[PDB]
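The listed protein sequences derive, respectively, from chains G, X, B, V and F.
With the entry's author numbering applied, the first sequence closes on residue 592, and no number is skipped along the way.
With the entry's author numbering applied, the second sequence closes on residue 395, and no number is skipped along the way.
With the entry's author numbering applied, the third sequence closes on residue 789, and no number is skipped along the way.
With the entry's author numbering applied, the fourth sequence closes on residue 395, and no number is skipped along the way.
With the entry's author numbering applied, the fifth sequence closes on residue 99, and no number is skipped along the way.
All C-beta atoms in this analysis are idealised placements derived from N, C-alpha and C, irrespective of residue type, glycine included.
Here the structure comes first, spelled out in structure tokens, and everything after it is commentary.
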Amino acid sequence: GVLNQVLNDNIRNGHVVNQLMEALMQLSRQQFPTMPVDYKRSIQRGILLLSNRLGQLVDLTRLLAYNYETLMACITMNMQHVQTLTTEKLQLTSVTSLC
Amino acid sequence: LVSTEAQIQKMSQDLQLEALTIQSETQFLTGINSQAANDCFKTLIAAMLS
Amino acid sequence: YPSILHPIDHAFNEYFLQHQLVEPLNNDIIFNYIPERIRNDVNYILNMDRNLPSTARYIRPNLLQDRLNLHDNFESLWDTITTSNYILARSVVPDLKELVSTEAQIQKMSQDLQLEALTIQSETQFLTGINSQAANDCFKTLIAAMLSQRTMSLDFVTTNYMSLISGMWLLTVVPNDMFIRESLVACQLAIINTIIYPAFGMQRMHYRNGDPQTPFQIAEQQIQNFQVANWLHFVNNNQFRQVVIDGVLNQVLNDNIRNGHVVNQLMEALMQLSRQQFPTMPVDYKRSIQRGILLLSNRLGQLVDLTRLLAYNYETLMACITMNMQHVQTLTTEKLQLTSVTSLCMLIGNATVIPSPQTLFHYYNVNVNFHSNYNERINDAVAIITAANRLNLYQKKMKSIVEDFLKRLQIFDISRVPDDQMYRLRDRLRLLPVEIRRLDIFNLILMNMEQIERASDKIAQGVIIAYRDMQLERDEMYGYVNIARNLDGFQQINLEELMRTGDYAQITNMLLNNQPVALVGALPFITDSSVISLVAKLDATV
Amino acid sequence: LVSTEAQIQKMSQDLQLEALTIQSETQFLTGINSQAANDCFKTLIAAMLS
Amino acid sequence: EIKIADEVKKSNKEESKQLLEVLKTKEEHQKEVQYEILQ
């Protein structure tokens with residue numbers, strides 16, 4: 494009887510992140526043609542960092558989704574989507590910490 | 346959680362910024378601590394639920 | 248010898264007897280334990296003073312190469328290993344002998360350069376870093392790096408043109424792939440701009456930073472001179488030859504470097520530069536350059552023999568390696584001063600220096616011990632992992648085991664390692680098979696573990712409930728007992744499933760309605776020995 | 346930027362300067378400091394804008 | 061404070077002392093021109 498904003502079922506199970514790390518392994522393996530090398534290397538290796546966090550990020554995605562849906566179950570009013578005026582900040586340092 | 350320091354050493358030595366001549370040397374590895382990760386974990390879920 | 252044993256005990260003891268690791272020993276096996284190359288090296292002579300009997304035995308190592316491929320995406324640990332082997336290798340390279348005196352050489356250099364006091368010159372800086380203790384530093388750095396396969400950078404200055412000149416010798420007898428790209432790109436670019444293109448009136452250069460082609464490549468296909476183009480061809484296409492020898496991979500030199508002939512093409516090139524006016528630039532620049540390269544022309548023969556000596560000691564120390572010497576660029580580098588390269592190229596003569604066989608046996612035993620310990624700890628870890636999987640241990644986090652695998656590899660610090668590397672390493676370890684000893688012991692446990700669990704009269708293998716006035720068995724170590732030994736008929740409920748996901752609905756429905764059932768899992772029990780407790784049906788009050 | 350005295354050594358050596366000769370290569374080293382370069386760099390753009 | 065080995069500084073040979081005097085003169089000329097420029 495309540496509206497619900499649900500996810501894809503390729504996210505709830507963490508399977509899409511495999512595709513992500515495939516893309517990231519590819520970006521690692523490439524030549525950055527015009528770029529310097531001391532910077533290219535650091536970028537490739539920072540990518541490899543998350544490419545090594547594969548299973549842990551699968552785990553994260555599944556946990557995140559599970560807690561979200563279990564808490565969604567405990568809602569009585571329709572949960573609808575509108576662009577709010579003011580906006581919660583999110584620091585990508587925090588997402589880095591999490592990942 | 347993982348030892349924060351164990352990721353900080355590793356990220357520092359894998360990125361190797363001191364080798365570079367840029368001006369984000371200390372500023373990359375900021376917010377990496379705990380009390381940031383749990384914040385994001387709560388913030389995502391709460392913002393999707395709201 | 249006679250013995251008394253239970254059949255399980257006999258199984259284990261017999262396995263210990265039959266599958267024990269010893270091998271007869273004799274002097275032939277003492278020789279053949281030494282690497283081929285060193286016996287085949289005429290410069291070494293070997294004797295002994297004993298004749299070992301057939302009674303003798305020896306245990307063999309496990310010199311099986313890396314099952315885990317730490318040369319792929321474990322670059323921090325590989326940097327650690329590579330550094331460790333590098334700073335070991337430094338400890339065994341010989342110290343040079345009967346070097347030229349520093350003043351005796353500096354005086355020749357100064358009189359060759361005609362150092363005017365009043366006027367300013369680029370030629371004083373050539374005397375920078377001509378001491379000894381740098382010659383040995385370079386000699387000990389190059390070889391240790393090529394053995395450890397540790398990359399190294401080039402710190403230098405664009406005003407000491409002698410450094411740029413000695414870089415030629417360096418980049419000949421050491422592959423470009425041995426260095427890190429930006430450093431030798433800068434070196435090659437300096438050399439091109441300040442020795443080569445002005446020596447043919449070419450443009451200075453217009454080199455893009457991240458250009459895929461290094462300056463010596465597009466220099467090979469601009470100039471018009473056979474000697475210098477051949478030199479550049481060798482440089483750009485010099486690289487280690489991989490070859491598997493006596494079980495171990497080896498990064499072998501050209502065999503045109505092992506003999507000194509490259510240096511002759513280098514001389515051809517430097518002389519075809521000395522015969523060039525510099526039309527673009529003044530007299531003093533040309534004067535500086537031509538003096539700087541006369542200083543190396545007059546050292547030609549020393550350079551030839553130096554190159555031969557480096558190659559010789561490199562292969563000779565290579566013979567005492569057990570782990571495959573993969574070539575991959577490391578995170579961390581070793582610094583290399585080209586002033587030390589100048590010192591080595593200038594201060595050397597009439598003194599061969601060979602590794603003592605004691606250094607060789609030490610550098611062999613160290614690597615052997617490390618390699619055997621690597622393999623044995625791998626076997627330990629794989630054993631416990633496979634056993635936890637086959638024992639269905641599902642709450643066990645396989646992280647402490649990797650800590651015990653790394654603490655025993657006594658070069659890594661685990662206080663600063665992550666926790667995902669451990670599970671990636673686990674993912675590799677699961678794929679590896681087990682050795683034979685551990686596998687066979689485990690399989691002897693598997694086919695007998697249940698029989699051991701039958702014993703230990705503290706827990707029982709389940710309790711039946713059947714609301715019917717069944718009979719007690721006539722066992723003779725007991726008398727009458729409420730014992731069952733088949734568990735057939737009445738169905739069964741496992742308890743770990745119920746203690747994981749608490750669903751007591753089934754068992755509760757079956758107990759309230761008094762339905763027959765069996766309960767399966769290790770459970771304690773008391774021995775009651777009273778008939779009054781029997782008649783009163785107390786075992787159904789539990 | 347490149348250091349100033351670091352550049353003056355290279356300029357002296359490329360312009361081989363005799364201590365006892367009144368030659369015009371010395372005047373090449375005049376006003377080479379830093380913060381004259383910033384002055385020019387600001388002046389040019391500020392003028393072409395204004 | 062010179063950037064050259066011990067055994068050349070203490071060398072009582074003539075060429076060594078001549079070298080050292082030449083190098084000191086080089087240094088002092090460079091310092092003179094730098095001091096001028098800063099003036």
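First and last residue of the uninterrupted beta strand (DSSP E) at residue i
| i | result |
| --- | --- |
| B/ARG488 | 488–492 |
| residue 795 of chain B | Shown here, chain B extends from 248 to 789; a query on residue 795 of chain B therefore has no answer. |
| B/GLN498 | 495–499 |
| B/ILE292 | Per DSSP, B/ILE292 belongs to no beta strand (DSSP E) and is neither H nor E. |
| B/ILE712 | 710–712 |
| B/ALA765 | 764–767 |
Between the CA atoms of residue j and residue i - distance to the nearest angstrom
| i | j | result |
| --- | --- | --- |
| B/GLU515 | F/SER71 | 37 Å |
| B/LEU734 | B/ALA765 | 8 Å |
| B/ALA391 | F/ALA65 | 26 Å |
| B/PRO271 | B/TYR280 | 13 Å |
| X/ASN383 | X/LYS355 | 21 Å |
| G/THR579 | B/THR405 | 57 Å |
| B/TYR727 | B/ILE692 | 33 Å |
| B/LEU594 | B/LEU556 | 14 Å |
| B/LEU343 | B/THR606 | 15 Å |
| B/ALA707 | B/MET669 | 38 Å |
| X/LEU389 | X/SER369 | 27 Å |
| G/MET570 | G/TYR561 | 16 Å |
| B/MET717 | B/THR748 | 33 Å |
| F/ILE97 | V/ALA381 | 14 Å |
| G/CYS592 | G/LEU542 | 10 Å |
Beta-bridge partners of residue i, as assigned by DSSP
| i | result |
| --- | --- |
| B/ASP402 | B/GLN584 |
| B/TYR305 | B/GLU270 |
| B/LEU770 | B/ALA707 |
| B/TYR727 | B/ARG721 |
| B/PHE426 | B/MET399 |
Residue i vs residue j beta-carbon contact at 8 Å
| i | j | result |
| --- | --- | --- |
| B/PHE463 | B/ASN485 | no |
| B/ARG673 | B/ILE632 | yes |
| X/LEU362 | X/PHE373 | yes |
| B/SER413 | B/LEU585 | yes |
| B/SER619 | B/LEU310 | yes |
| B/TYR262 | B/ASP552 | no |
| B/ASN274 | B/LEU299 | yes |
| B/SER544 | B/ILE377 | no |
| F/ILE62 | F/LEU83 | yes |
| B/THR554 | B/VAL510 | yes |
| B/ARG675 | B/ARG624 | no |
| B/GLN489 | B/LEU500 | no |
| B/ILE442 | B/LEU479 | no |
| G/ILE504 | G/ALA566 | no |
| B/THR419 | B/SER379 | no |
| B/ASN290 | B/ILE601 | yes |
| B/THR577 | B/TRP325 | yes |
Cβ of residue i within 8 Å of any chain A Cβ
| i | result |
| --- | --- |
| B/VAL432 | You won't find chain A in this structure, because its protein chains are G, X, B, V and F. |
Residue interval of the alpha helix (DSSP H) (run including residue i)
| i | result |
| --- | --- |
| G/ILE536 | 530–545 |
| V/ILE390 | 382–394 |
| B/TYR408 | 408–420 |
| B/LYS355 | 349–360 |
| F/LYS70 | Element bounds for F/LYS70: n/a, residue is neither H nor E. |
| B/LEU759 | 752–759 |
| B/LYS784 | Neither: B/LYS784 is in no alpha helix (DSSP H) and is coded neither H nor E. |
| B/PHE481 | 473–483 |
| B/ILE328 | 322–336 |
Residue i CB to nearest heavy atom of the ligand SAH below 7 Å
| i | result |
| --- | --- |
| B/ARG307 | By its list of ligands, the structure shown contains no ligand whatsoever, and the ligand SAH lies outside what it can speak to. |
* the segment 527–546 of chain B: positions lying closer than 9 Å to chain F by Cβ -> none
* To do: With 9 Å as the limit, tell me which residues of the segment 356–378 of chain V have their beta carbon closer than that to any beta carbon of chain B; keep them in chain order.
  => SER357, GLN358, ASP359, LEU360, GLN361, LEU362, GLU363, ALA364, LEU365, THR366
* To do: Using a Cβ-Cβ cut-off of less than 8 Å, list which residues of the segment 571–597 of chain B approach chain F; keep chain order.
  => none
* Quick one, which residues of the segment 653–672 of chain B are near chain X if we go by CB-CB under 8 Å, in chain order? -> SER662, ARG663, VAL664, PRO665, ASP666, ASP667
* Identify each residue in the segment 66–91 of chain F for which the Cβ-Cβ distance to at least one residue of chain B is less than 9 Å, and report them in chain order. => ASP66, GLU67, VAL68, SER71, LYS73, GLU75, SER76, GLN78, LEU79, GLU81, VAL82, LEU83, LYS84, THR85, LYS86, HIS89, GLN90
* **Residues, ordered as in the chain, of the segment 390–420 of chain B that lie near chain V by beta-carbon distance below 9 Å** => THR405, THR406
* To do: Please list the residues of the segment 548–562 of chain G that have a C-beta atom closer than 8 Å to any C-beta atom in chain B, keeping them in chain order.
  => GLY548, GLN549
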